[PDB]
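Trainee: Got a file for you: upload-v6.json, JSON, C-alpha atoms.
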```json
[["chain", "number", "residue", "atom", "x", "y", "z"],
["A", 1, "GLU", "CA", -6.20, -22.37, -104.58],
["A", 2, "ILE", "CA", -9.82, -23.51, -104.84],
["A", 3, "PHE", "CA", -11.39, -26.13, -102.59],
["A", 4, "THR", "CA", -14.75, -27.87, -102.57],
["A", 5, "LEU", "CA", -16.72, -28.45, -99.41],
["A", 6, "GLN", "CA", -19.66, -30.87, -99.40],
["A", 7, "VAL", "CA", -22.51, -29.38, -97.39],
["A", 8, "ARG", "CA", -25.51, -31.36, -96.15],
["A", 9, "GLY", "CA", -28.88, -29.57, -96.25],
["A", 10, "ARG", "CA", -30.41, -26.66, -98.14],
["A", 11, "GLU", "CA", -30.36, -24.14, -95.29],
["A", 12, "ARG", "CA", -26.90, -25.20, -94.12],
["A", 13, "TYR", "CA", -25.58, -24.69, -97.66],
["A", 14, "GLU", "CA", -27.23, -21.27, -97.90],
["A", 15, "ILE", "CA", -25.67, -20.18, -94.58],
["A", 16, "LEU", "CA", -22.17, -21.34, -95.49],
["A", 17, "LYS", "CA", -22.49, -19.81, -99.01],
["A", 18, "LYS", "CA", -23.43, -16.47, -97.43],
["A", 19, "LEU", "CA", -20.45, -16.67, -95.06],
["A", 20, "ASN", "CA", -18.12, -17.60, -97.93],
["A", 21, "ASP", "CA", -19.40, -14.68, -100.02],
["A", 22, "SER", "CA", -19.07, -12.30, -97.06],
["A", 23, "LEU", "CA", -15.46, -13.34, -96.44],
["A", 24, "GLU", "CA", -14.64, -12.94, -100.15],
["A", 25, "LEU", "CA", -15.89, -9.36, -100.01],
["A", 26, "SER", "CA", -14.47, -8.42, -96.60],
["A", 27, "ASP", "CA", -11.02, -10.09, -96.83],
["B", 1, "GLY", "CA", -29.16, -38.38, -89.79],
["B", 2, "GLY", "CA", -30.05, -34.89, -90.91],
["B", 3, "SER", "CA", -30.79, -33.73, -94.41],
["B", 4, "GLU", "CA", -30.43, -36.15, -97.31],
["B", 5, "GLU", "CA", -29.53, -33.34, -99.69],
["B", 6, "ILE", "CA", -25.94, -32.41, -100.53],
["B", 7, "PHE", "CA", -24.52, -29.24, -102.14],
["B", 8, "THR", "CA", -20.97, -28.36, -103.11],
["B", 9, "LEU", "CA", -19.50, -25.05, -101.99],
["B", 10, "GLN", "CA", -16.41, -23.72, -103.77],
["B", 11, "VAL", "CA", -14.01, -21.87, -101.47],
["B", 12, "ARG", "CA", -11.04, -19.70, -102.52],
["B", 13, "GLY", "CA", -8.04, -20.02, -100.17],
["B", 14, "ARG", "CA", -6.88, -22.41, -97.45],
["B", 15, "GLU", "CA", -7.60, -20.07, -94.54],
["B", 16, "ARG", "CA", -11.19, -19.51, -95.66],
["B", 17, "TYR", "CA", -11.69, -23.21, -96.38],
["B", 18, "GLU", "CA", -10.44, -24.08, -92.87],
["B", 19, "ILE", "CA", -12.91, -21.65, -91.22],
["B", 20, "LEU", "CA", -15.84, -22.94, -93.24],
["B", 21, "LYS", "CA", -14.81, -26.58, -92.80],
["B", 22, "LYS", "CA", -14.70, -26.05, -89.02],
["B", 23, "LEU", "CA", -18.26, -24.71, -89.11],
["B", 24, "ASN", "CA", -19.42, -27.46, -91.47],
["B", 25, "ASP", "CA", -17.89, -30.18, -89.25],
["B", 26, "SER", "CA", -19.45, -28.59, -86.16],
["B", 27, "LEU", "CA", -22.89, -28.53, -87.80],
["B", 28, "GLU", "CA", -22.57, -32.14, -88.96],
["B", 29, "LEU", "CA", -21.90, -33.20, -85.34],
["B", 30, "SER", "CA", -24.44, -30.90, -83.64],
["B", 31, "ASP", "CA", -27.15, -31.01, -86.30],
["B", 32, "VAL", "CA", -28.33, -27.56, -85.19],
["B", 33, "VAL", "CA", -29.09, -26.59, -88.78],
["C", 1, "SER", "CA", -18.11, -20.79, -65.33],
["C", 2, "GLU", "CA", -16.81, -20.14, -68.83],
["C", 3, "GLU", "CA", -16.55, -16.36, -69.23],
["C", 4, "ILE", "CA", -19.42, -14.73, -71.23],
["C", 5, "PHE", "CA", -18.67, -12.35, -74.12],
["C", 6, "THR", "CA", -21.19, -10.41, -76.23],
["C", 7, "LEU", "CA", -21.53, -9.41, -79.85],
["C", 8, "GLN", "CA", -23.94, -6.78, -81.09],
["C", 9, "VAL", "CA", -25.43, -8.21, -84.26],
["C", 10, "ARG", "CA", -27.32, -6.08, -86.81],
["C", 11, "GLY", "CA", -30.46, -7.77, -88.15],
["C", 12, "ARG", "CA", -32.66, -10.68, -87.09],
["C", 13, "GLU", "CA", -31.52, -13.15, -89.77],
["C", 14, "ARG", "CA", -27.85, -12.33, -89.14],
["C", 15, "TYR", "CA", -28.42, -12.87, -85.40],
["C", 16, "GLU", "CA", -30.22, -16.16, -86.02],
["C", 17, "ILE", "CA", -27.34, -17.46, -88.14],
["C", 18, "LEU", "CA", -24.67, -16.53, -85.59],
["C", 19, "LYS", "CA", -26.77, -17.93, -82.71],
["C", 20, "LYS", "CA", -27.12, -21.27, -84.54],
["C", 21, "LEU", "CA", -23.36, -21.34, -85.14],
["C", 22, "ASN", "CA", -22.71, -20.51, -81.48],
["C", 23, "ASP", "CA", -24.99, -23.29, -80.35],
["C", 24, "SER", "CA", -23.46, -25.74, -82.81],
["C", 25, "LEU", "CA", -19.94, -24.99, -81.60],
["C", 26, "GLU", "CA", -21.00, -25.38, -77.97],
["C", 27, "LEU", "CA", -22.27, -28.87, -78.77],
["C", 28, "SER", "CA", -19.36, -29.95, -80.98],
["C", 29, "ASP", "CA", -16.53, -28.48, -78.85],
["D", 1, "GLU", "CA", -32.59, -3.93, -85.10],
["D", 2, "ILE", "CA", -29.68, -4.85, -82.86],
["D", 3, "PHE", "CA", -29.45, -8.22, -81.13],
["D", 4, "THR", "CA", -27.05, -9.12, -78.35],
["D", 5, "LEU", "CA", -25.47, -12.54, -78.75],
["D", 6, "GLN", "CA", -23.97, -14.10, -75.62],
["D", 7, "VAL", "CA", -21.01, -16.42, -76.25],
["D", 8, "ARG", "CA", -19.25, -18.66, -73.73],
["D", 9, "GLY", "CA", -15.47, -18.56, -73.92],
["D", 10, "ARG", "CA", -12.83, -16.82, -75.96],
["D", 11, "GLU", "CA", -12.45, -19.45, -78.71],
["D", 12, "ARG", "CA", -16.07, -19.34, -79.87],
["D", 13, "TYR", "CA", -16.18, -15.59, -79.36],
["D", 14, "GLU", "CA", -13.27, -14.95, -81.69],
["D", 15, "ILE", "CA", -14.67, -17.13, -84.51],
["D", 16, "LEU", "CA", -18.08, -15.48, -84.24],
["D", 17, "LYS", "CA", -16.57, -12.00, -83.99],
["D", 18, "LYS", "CA", -14.64, -12.62, -87.23],
["D", 19, "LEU", "CA", -17.87, -13.63, -88.95],
["D", 20, "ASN", "CA", -19.85, -10.70, -87.54],
["D", 21, "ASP", "CA", -17.12, -8.24, -88.58],
["D", 22, "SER", "CA", -17.12, -9.74, -92.09],
["D", 23, "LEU", "CA", -20.90, -9.47, -92.36],
["D", 24, "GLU", "CA", -20.85, -5.83, -91.22],
["D", 25, "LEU", "CA", -18.37, -5.04, -94.00],
["D", 26, "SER", "CA", -20.10, -7.09, -96.74],
["D", 27, "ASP", "CA", -23.80, -6.77, -95.74],
["D", 28, "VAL", "CA", -24.55, -10.15, -97.43],
["D", 29, "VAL", "CA", -27.24, -10.87, -94.79]]
```
As structure tokens, what does this structure read like?
Mentor:
Amino acid sequence: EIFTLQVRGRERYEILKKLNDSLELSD
Amino acid sequence: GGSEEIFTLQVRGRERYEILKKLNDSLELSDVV
Amino acid sequence: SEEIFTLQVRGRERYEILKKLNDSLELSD
Amino acid sequence: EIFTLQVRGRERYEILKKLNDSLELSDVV
């Protein structure tokens, strides 16, 4: 199941992308 | 208020989406970053 | 008072991210 | 470089701990 999240702001997107990528690797 | 720019993040799995949505919603309200 | 917990965070940028999230959640909660 | 993050309350602590633990395993940042 794939979901899209709309993120406002460049830095906010980069933070949430990093967290997403981290969780993908760690889970 | 806040940034005018918008970017789509793809998330795999409901649990992970819920965590990230919670953070995203928090940041929209607080505007910390 | 709300009880204080600590996390040891490795790296300045990692710390800065988690601090911003902490502060955001304090404000939105 | 280790930074100590202070967090108020269990709910925020557990979210941030999950993230910190993930980041330690992945080293994304």
Trainee: Using all atoms listed in the file, select each residue of chain B with any atom at most 10 Å away from an atom of chain C, and give the selection as a ChimeraX atom specification.
Mentor: /B:22-33
Trainee: Next, write the just-selected residues to a file, as an mmCIF file, in the frame of the given file, keeping C-alpha atoms as the atom set.
Mentor:
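selection-v1.cif, written as the output of this step:
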```
data_model
loop_
_atom_site.group_PDB
_atom_site.id
_atom_site.type_symbol
_atom_site.label_atom_id
_atom_site.label_comp_id
_atom_site.auth_asym_id
_atom_site.auth_seq_id
_atom_site.Cartn_x
_atom_site.Cartn_y
_atom_site.Cartn_z
ATOM 1 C CA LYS B 22 -14.700 -26.050 -89.020
ATOM 2 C CA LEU B 23 -18.260 -24.710 -89.110
ATOM 3 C CA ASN B 24 -19.420 -27.460 -91.470
ATOM 4 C CA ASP B 25 -17.890 -30.180 -89.250
ATOM 5 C CA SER B 26 -19.450 -28.590 -86.160
ATOM 6 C CA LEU B 27 -22.890 -28.530 -87.800
ATOM 7 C CA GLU B 28 -22.570 -32.140 -88.960
ATOM 8 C CA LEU B 29 -21.900 -33.200 -85.340
ATOM 9 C CA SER B 30 -24.440 -30.900 -83.640
ATOM 10 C CA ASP B 31 -27.150 -31.010 -86.300
ATOM 11 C CA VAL B 32 -28.330 -27.560 -85.190
ATOM 12 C CA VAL B 33 -29.090 -26.590 -88.780
#
```
Trainee: Hey, what's within 7 Å of stretch 10-16 of chain A if we count only C-alpha atoms and toss same-chain stuff fewer than 5 positions away? As JSON, numbers by chain, please?
Mentor: {"B": [5, 7, 20, 33]}
Trainee: Any idea what the distance is between atom CA of residue A:27 and atom CA of residue D:8?
Mentor: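 We find that atom CA of residue A:27 and atom CA of residue D:8 lie 26.0 Å from each other.
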Trainee: I'd like the interatomic distance between atom CA of residue D:26 and atom CA of residue B:9, to a tenth of an Å.
Mentor: 18.7 Å
Trainee: What is the atom CA of residue A:4-atom CA of residue D:13 distance in Å, reported with one decimal?
Mentor: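 The value is 26.3 Å.
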Trainee: Up to 7 Å from (-16.1, -18.6, -88.5) in the file's coordinates: name the residues, counting all atoms listed in the file, as number ranges by chain.
Mentor: B: 19-20, 23; D: 15-16, 18-19
Trainee: Provide as a PDB file with C-alpha atoms, keeping the file's coordinate frame the residues of chain A at most 12 Å from chain D, counting all atoms listed in the file.
Mentor:
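Generated output (out34.pdb):
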```
ATOM      1  CA  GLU A  14     -27.230 -21.270 -97.900  1.00  0.00           C
ATOM      2  CA  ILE A  15     -25.670 -20.180 -94.580  1.00  0.00           C
ATOM      3  CA  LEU A  16     -22.170 -21.340 -95.490  1.00  0.00           C
ATOM      4  CA  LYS A  17     -22.490 -19.810 -99.010  1.00  0.00           C
ATOM      5  CA  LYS A  18     -23.430 -16.470 -97.430  1.00  0.00           C
ATOM      6  CA  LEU A  19     -20.450 -16.670 -95.060  1.00  0.00           C
ATOM      7  CA  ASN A  20     -18.120 -17.600 -97.930  1.00  0.00           C
ATOM      8  CA  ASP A  21     -19.400 -14.680-100.020  1.00  0.00           C
ATOM      9  CA  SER A  22     -19.070 -12.300 -97.060  1.00  0.00           C
ATOM     10  CA  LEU A  23     -15.460 -13.340 -96.440  1.00  0.00           C
ATOM     11  CA  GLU A  24     -14.640 -12.940-100.150  1.00  0.00           C
ATOM     12  CA  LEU A  25     -15.890  -9.360-100.010  1.00  0.00           C
ATOM     13  CA  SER A  26     -14.470  -8.420 -96.600  1.00  0.00           C
ATOM     14  CA  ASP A  27     -11.020 -10.090 -96.830  1.00  0.00           C
TER      15      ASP A  27
END
```
Trainee: Show me the residues close to (-20.8, -30.2, -102.3) - anything with an atom within 6 Å, counting only C-alpha atoms - and format the list as a PDB file with C-alpha atoms, keeping the file's coordinate frame.
Mentor:
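Output saved as point.pdb:
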```
ATOM      1  CA  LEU A   5     -16.720 -28.450 -99.410  1.00  0.00           C
ATOM      2  CA  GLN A   6     -19.660 -30.870 -99.400  1.00  0.00           C
ATOM      3  CA  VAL A   7     -22.510 -29.380 -97.390  1.00  0.00           C
TER       4      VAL A   7
ATOM      5  CA  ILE B   6     -25.940 -32.410-100.530  1.00  0.00           C
ATOM      6  CA  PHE B   7     -24.520 -29.240-102.140  1.00  0.00           C
ATOM      7  CA  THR B   8     -20.970 -28.360-103.110  1.00  0.00           C
ATOM      8  CA  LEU B   9     -19.500 -25.050-101.990  1.00  0.00           C
TER       9      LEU B   9
END
```
Trainee: Show which residues sit within 6 Å of residue B:11, as a PyMOL selection string. Count only C-alpha atoms, and ignore same-chain residues fewer than 6 positions away.
Mentor: (chain A and resi 2-3) or (chain B and resi 17)
Trainee: Can you sort out the box for stretch 5-19 of chain A, edges along x, y and z, all listed atoms in, 6 Å on every side, with centre and edge lengths in Å to one decimal, as AutoDock Vina command-line options?
Mentor:
```
--center_x -23.6 --center_y -23.9 --center_z -96.8 --size_x 25.7 --size_y 26.9 --size_z 17.3
```
